[PDB]
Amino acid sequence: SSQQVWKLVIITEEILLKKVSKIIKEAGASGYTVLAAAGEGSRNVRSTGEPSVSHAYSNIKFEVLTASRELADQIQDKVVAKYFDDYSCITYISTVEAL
């Protein structure tokens, strides 16, 4: 049988791995998944800088499944409020069907 859940993705600088993991757990999520990633973006806020000739930068990608949209929004808000202006970061939400 199915249950509709929300999937929050946070892609951010690899150096924020432990800090963002703590926000997710402190907010009451049941868990999280994290993957190593790389990327480029257009906000140009990376804490360690960017060179003139761009190349892919080191990131992590979190995926957090939540039983309510409310909880996904809360985690997203906390990460963005704390880090979005000072660190490269992008975030999005969608829905999936959990078992």
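All residue numbers are counted from 1 along the displayed sequence.
- Residue 69 is built in all of the other entries compared, counting only those with both neighbours built, so it is not a gap in a third.
- Compared with other deposited structures of the same protein, residue 40 does not meet the criterion of being unmodelled in at least one third, since all of those that resolve residues on both sides include it.
- Here the stretch with the larger average CA B-factor, out of 65 to 73 and 51 to 59, is 51 to 59.
- Comparing the deposited coordinates for 35 to 43 and 22 to 30, the stretch with the larger average C-alpha B-factor is 22 to 30.
- In the PDB entry, the Cα temperature factor peaks, among 9, 79, 89, 17, at 17.
- In the PDB entry, residue 99 places in the highest third of its chain by CA B-factor.
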